[PDB]
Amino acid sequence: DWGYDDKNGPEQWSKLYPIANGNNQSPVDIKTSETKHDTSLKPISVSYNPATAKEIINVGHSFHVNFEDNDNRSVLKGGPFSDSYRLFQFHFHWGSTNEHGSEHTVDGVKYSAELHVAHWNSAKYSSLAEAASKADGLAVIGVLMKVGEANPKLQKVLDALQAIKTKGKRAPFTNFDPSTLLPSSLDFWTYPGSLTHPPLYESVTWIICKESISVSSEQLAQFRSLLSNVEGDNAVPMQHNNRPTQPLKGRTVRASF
(Lines of atoms letter the chains of each structure in order from A and count residues from 1; the text may use other names and numbers.)
(Lines give C-alpha, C1' and ligand atoms only; values in the text may rest on other atoms or scores of the structure.)
Protein backbone atom coordinates (compact mmCIF):
# COMPACT_ATOMS: atom_id res chain seq x y z
CA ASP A 1 0.00 0.00 0.00
CA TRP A 2 1.16 3.53 -0.84
CA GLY A 3 1.36 6.49 1.50
CA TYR A 4 3.53 9.44 2.46
CA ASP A 5 6.11 7.89 4.82
CA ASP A 6 9.71 7.20 3.83
CA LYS A 7 9.09 3.61 2.73
CA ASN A 8 5.81 4.01 0.79
CA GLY A 9 5.87 7.71 -0.06
CA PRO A 10 6.16 9.86 -3.19
CA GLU A 11 9.75 8.95 -4.02
CA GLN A 12 8.80 5.24 -4.09
CA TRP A 13 5.48 5.48 -5.95
CA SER A 14 7.22 4.84 -9.28
CA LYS A 15 7.89 1.18 -8.37
CA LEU A 16 4.19 0.27 -8.50
CA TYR A 17 3.06 3.28 -10.61
CA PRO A 18 5.62 4.00 -13.35
CA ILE A 19 3.49 6.95 -14.57
CA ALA A 20 4.94 8.77 -11.53
CA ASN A 21 7.88 9.60 -13.82
CA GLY A 22 5.62 10.64 -16.70
CA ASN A 23 5.46 13.79 -18.78
CA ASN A 24 2.22 15.22 -17.32
CA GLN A 25 2.70 14.79 -13.57
CA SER A 26 1.33 17.05 -10.83
CA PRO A 27 1.80 19.17 -8.85
CA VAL A 28 4.22 21.67 -10.42
CA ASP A 29 5.97 24.90 -9.54
CA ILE A 30 4.33 27.74 -11.47
CA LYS A 31 7.05 30.13 -12.65
CA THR A 32 5.16 33.33 -13.44
CA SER A 33 7.79 34.72 -15.83
CA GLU A 34 7.17 31.62 -17.98
CA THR A 35 3.35 31.53 -17.97
CA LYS A 36 1.46 32.35 -21.16
CA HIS A 37 -1.56 34.63 -21.01
CA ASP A 38 -4.29 33.09 -23.19
CA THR A 39 -7.03 35.51 -24.24
CA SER A 40 -9.20 32.54 -25.27
CA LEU A 41 -9.59 31.37 -21.66
CA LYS A 42 -13.08 32.18 -20.39
CA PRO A 43 -13.89 32.97 -16.76
CA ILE A 44 -14.38 29.97 -14.49
CA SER A 45 -18.04 29.36 -13.64
CA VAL A 46 -19.00 27.17 -10.68
CA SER A 47 -22.63 26.46 -9.74
CA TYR A 48 -22.96 23.96 -6.89
CA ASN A 49 -26.14 22.79 -5.19
CA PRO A 50 -25.67 22.33 -1.41
CA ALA A 51 -28.07 19.37 -1.53
CA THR A 52 -25.43 17.34 -3.42
CA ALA A 53 -23.17 17.15 -0.35
CA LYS A 54 -23.14 13.53 0.84
CA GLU A 55 -20.50 12.20 3.20
CA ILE A 56 -17.11 12.79 4.82
CA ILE A 57 -14.68 9.87 5.01
CA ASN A 58 -11.32 9.26 6.67
CA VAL A 59 -9.37 7.55 3.90
CA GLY A 60 -6.22 6.97 5.97
CA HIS A 61 -3.89 9.40 4.20
CA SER A 62 -6.48 12.21 4.05
CA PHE A 63 -10.19 12.86 4.36
CA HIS A 64 -12.66 13.35 1.52
CA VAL A 65 -15.96 15.19 1.28
CA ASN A 66 -18.01 13.46 -1.40
CA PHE A 67 -20.97 14.71 -3.43
CA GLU A 68 -23.85 13.02 -5.19
CA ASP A 69 -22.91 12.99 -8.88
CA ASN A 70 -25.95 11.46 -10.60
CA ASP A 71 -26.94 14.69 -12.39
CA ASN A 72 -25.69 18.20 -13.23
CA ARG A 73 -26.88 19.93 -10.05
CA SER A 74 -23.25 20.87 -9.24
CA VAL A 75 -21.04 21.77 -12.21
CA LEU A 76 -17.91 23.63 -13.29
CA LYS A 77 -17.90 25.34 -16.70
CA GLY A 78 -15.81 27.91 -18.52
CA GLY A 79 -12.07 28.44 -18.28
CA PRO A 80 -10.38 26.21 -20.85
CA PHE A 81 -13.33 23.80 -21.08
CA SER A 82 -16.04 23.40 -23.66
CA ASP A 83 -17.57 20.51 -21.67
CA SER A 84 -19.40 20.72 -18.35
CA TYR A 85 -17.65 18.98 -15.44
CA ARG A 86 -19.59 17.48 -12.54
CA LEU A 87 -18.48 18.03 -8.94
CA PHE A 88 -17.69 14.86 -7.01
CA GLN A 89 -15.37 15.66 -4.10
CA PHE A 90 -13.24 18.16 -2.28
CA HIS A 91 -10.29 17.50 0.00
CA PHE A 92 -7.12 19.13 1.29
CA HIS A 93 -3.39 18.57 1.43
CA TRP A 94 -1.15 19.80 4.23
CA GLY A 95 2.38 19.50 5.57
CA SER A 96 4.19 18.66 8.80
CA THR A 97 4.57 22.32 9.81
CA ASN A 98 3.31 25.66 8.52
CA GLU A 99 6.30 26.22 6.21
CA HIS A 100 5.13 23.70 3.63
CA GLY A 101 2.01 21.78 2.86
CA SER A 102 0.64 22.96 -0.44
CA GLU A 103 1.18 20.79 -3.49
CA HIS A 104 1.51 23.44 -6.15
CA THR A 105 4.03 26.20 -5.53
CA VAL A 106 4.23 29.64 -7.16
CA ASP A 107 7.68 31.02 -8.00
CA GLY A 108 9.14 28.52 -5.55
CA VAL A 109 6.91 29.65 -2.67
CA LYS A 110 5.35 26.86 -0.60
CA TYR A 111 2.04 27.53 1.13
CA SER A 112 0.67 25.79 4.23
CA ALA A 113 -2.09 23.71 2.64
CA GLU A 114 -4.07 23.33 -0.57
CA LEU A 115 -7.75 22.77 -1.32
CA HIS A 116 -8.71 20.53 -4.27
CA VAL A 117 -12.22 20.63 -5.73
CA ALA A 118 -12.53 17.74 -8.18
CA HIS A 119 -14.91 17.26 -11.11
CA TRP A 120 -15.40 14.72 -13.91
CA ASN A 121 -16.39 15.17 -17.56
CA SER A 122 -20.05 14.18 -17.71
CA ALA A 123 -20.46 15.55 -21.25
CA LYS A 124 -18.24 12.76 -22.60
CA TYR A 125 -18.30 10.00 -19.96
CA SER A 126 -20.92 8.20 -17.88
CA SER A 127 -19.13 7.92 -14.53
CA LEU A 128 -16.15 9.02 -12.49
CA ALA A 129 -14.71 5.53 -12.93
CA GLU A 130 -14.83 5.87 -16.73
CA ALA A 131 -13.63 9.49 -16.75
CA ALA A 132 -10.76 9.19 -14.27
CA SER A 133 -8.23 7.67 -16.70
CA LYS A 134 -9.06 9.82 -19.77
CA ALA A 135 -6.82 12.75 -20.72
CA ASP A 136 -9.85 15.08 -20.66
CA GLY A 137 -11.65 13.23 -17.88
CA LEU A 138 -11.02 15.27 -14.73
CA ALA A 139 -10.91 18.96 -13.75
CA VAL A 140 -9.53 19.98 -10.35
CA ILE A 141 -9.52 23.49 -8.90
CA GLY A 142 -6.53 24.07 -6.64
CA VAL A 143 -6.56 26.85 -4.04
CA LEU A 144 -3.38 27.69 -2.14
CA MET A 145 -3.94 28.12 1.60
CA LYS A 146 -1.79 30.75 3.30
CA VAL A 147 -1.30 30.53 7.06
CA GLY A 148 -2.77 33.55 8.82
CA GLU A 149 -6.23 34.42 10.11
CA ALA A 150 -8.65 31.63 10.96
CA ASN A 151 -10.95 30.94 8.03
CA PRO A 152 -14.59 30.76 9.22
CA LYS A 153 -15.71 29.15 5.96
CA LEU A 154 -13.91 25.95 7.03
CA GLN A 155 -16.03 25.60 10.19
CA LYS A 156 -18.42 22.85 9.06
CA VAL A 157 -15.51 20.79 7.71
CA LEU A 158 -13.43 21.18 10.88
CA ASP A 159 -16.42 20.45 13.13
CA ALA A 160 -17.00 17.15 11.28
CA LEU A 161 -13.53 15.70 11.87
CA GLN A 162 -14.23 14.57 15.46
CA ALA A 163 -16.62 11.96 14.06
CA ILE A 164 -14.15 10.50 11.52
CA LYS A 165 -10.96 10.47 13.59
CA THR A 166 -9.68 7.05 12.46
CA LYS A 167 -9.25 5.33 9.11
CA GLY A 168 -12.46 4.12 7.51
CA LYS A 169 -14.87 6.12 9.64
CA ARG A 170 -17.48 8.10 7.72
CA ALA A 171 -20.42 10.35 8.48
CA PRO A 172 -23.17 12.25 6.65
CA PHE A 173 -22.03 15.69 5.50
CA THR A 174 -24.97 17.52 3.96
CA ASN A 175 -26.21 20.92 2.82
CA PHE A 176 -22.86 22.45 1.90
CA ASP A 177 -21.77 24.43 -1.16
CA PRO A 178 -17.95 24.26 -1.51
CA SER A 179 -17.85 27.33 -3.74
CA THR A 180 -17.94 29.17 -0.40
CA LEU A 181 -14.32 28.01 0.06
CA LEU A 182 -13.02 29.60 -3.15
CA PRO A 183 -11.22 32.96 -3.22
CA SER A 184 -13.05 36.12 -4.22
CA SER A 185 -11.23 36.36 -7.56
CA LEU A 186 -11.20 33.29 -9.80
CA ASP A 187 -8.25 34.42 -11.94
CA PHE A 188 -6.34 31.23 -12.59
CA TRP A 189 -3.50 29.30 -14.17
CA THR A 190 -4.19 26.11 -16.09
CA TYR A 191 -2.01 23.24 -17.28
CA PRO A 192 -2.49 19.54 -18.20
CA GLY A 193 -1.46 17.27 -15.34
CA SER A 194 -2.31 14.32 -13.19
CA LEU A 195 -3.72 13.04 -9.97
CA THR A 196 -1.22 14.00 -7.28
CA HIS A 197 -1.22 10.54 -5.68
CA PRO A 198 -1.70 6.96 -6.91
CA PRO A 199 -2.94 5.96 -9.35
CA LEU A 200 -1.41 9.21 -10.71
CA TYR A 201 -3.48 9.18 -13.95
CA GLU A 202 -2.53 11.96 -16.37
CA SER A 203 -6.18 12.91 -16.66
CA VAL A 204 -6.48 16.28 -14.88
CA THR A 205 -6.86 19.75 -16.31
CA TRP A 206 -5.65 21.82 -13.35
CA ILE A 207 -7.18 25.20 -12.48
CA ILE A 208 -4.93 26.95 -9.91
CA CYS A 209 -6.31 30.15 -8.43
CA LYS A 210 -4.01 33.17 -8.25
CA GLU A 211 -5.55 34.39 -4.98
CA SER A 212 -4.95 32.35 -1.84
CA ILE A 213 -7.36 31.69 0.99
CA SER A 214 -6.46 31.86 4.66
CA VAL A 215 -6.10 29.14 7.28
CA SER A 216 -4.93 29.44 10.86
CA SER A 217 -2.13 27.51 12.54
CA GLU A 218 -4.74 25.85 14.76
CA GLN A 219 -7.01 24.90 11.86
CA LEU A 220 -4.02 23.16 10.23
CA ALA A 221 -3.41 21.39 13.56
CA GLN A 222 -6.91 19.92 13.28
CA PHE A 223 -6.00 18.36 9.92
CA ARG A 224 -2.77 16.93 11.39
CA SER A 225 -4.63 15.45 14.37
CA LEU A 226 -6.63 13.15 12.11
CA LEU A 227 -5.40 9.58 12.55
CA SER A 228 -4.23 7.24 9.79
CA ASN A 229 -4.66 4.08 11.89
CA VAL A 230 -7.86 2.14 12.44
CA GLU A 231 -9.68 2.44 15.74
CA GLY A 232 -7.97 0.55 18.56
CA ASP A 233 -4.50 0.58 17.02
CA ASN A 234 -1.69 2.87 18.12
CA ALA A 235 -2.50 6.42 17.07
CA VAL A 236 -0.63 7.65 13.98
CA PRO A 237 -1.42 11.30 13.18
CA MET A 238 -1.78 12.33 9.52
CA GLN A 239 1.22 14.62 9.64
CA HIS A 240 1.43 15.40 5.90
CA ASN A 241 0.11 14.34 2.50
CA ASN A 242 1.58 16.75 -0.07
CA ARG A 243 3.57 15.47 -3.05
CA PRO A 244 6.73 17.32 -4.18
CA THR A 245 6.50 19.37 -7.35
CA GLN A 246 7.28 17.51 -10.57
CA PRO A 247 9.04 18.53 -13.81
CA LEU A 248 7.02 20.44 -16.40
CA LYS A 249 8.60 18.40 -19.23
CA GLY A 250 7.82 21.13 -21.75
CA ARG A 251 4.24 21.82 -20.71
CA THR A 252 2.93 25.38 -20.80
CA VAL A 253 1.14 26.94 -17.85
CA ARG A 254 -1.43 29.36 -19.24
CA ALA A 255 -2.74 32.37 -17.32
CA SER A 256 -6.28 33.74 -17.50
CA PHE A 257 -5.04 37.17 -16.40
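Residue indices: 1-based, along the sequence shown.
Peer 1: Would 87-95 or 69-77 have the larger average of its C-alpha temperature factors, as given in the entry?
Peer 2: Per the PDB record, 69-77.
Peer 1: Where do the C-alpha atoms have the higher mean temperature factor in this entry, in 78-86 or in 104-112?
Peer 2: 78-86 has the higher mean C-alpha B-factor.
Peer 1: From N58, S217, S212, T39, pick the one with the largest CA B-factor in the entry?
Peer 2: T39 has the highest C-alpha B-factor of those listed.
Peer 1: Sorting by Cα B-factor within the chain, modelled residues only, which third would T245 end up in: lowest, middle or highest?
Peer 2: Answer is middle: the recorded C-alpha B-factor places it there.
Peer 1: Of the three thirds of its chain by CA temperature factor, lowest, middle or highest, which one includes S184?
Peer 2: As the PDB entry reports it, the C-alpha B-factor of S184 lands in the highest third of its chain.
Peer 1: Taking the entry's C-alpha B-factors for this chain, is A123 in the lowest, middle or highest third?
Peer 2: Answer is highest: the recorded C-alpha B-factor places it there.
Peer 1: For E202, return the chain-relative third of its C-alpha B-factor as stated in the PDB record: lowest, middle or highest.
Peer 2: As the PDB entry reports it, the C-alpha B-factor of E202 lands in the middle third of its chain.
Peer 1: Against its chain's modelled residues, does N229's Cα B factor rank lowest, middle or highest third?
Peer 2: Middle third.
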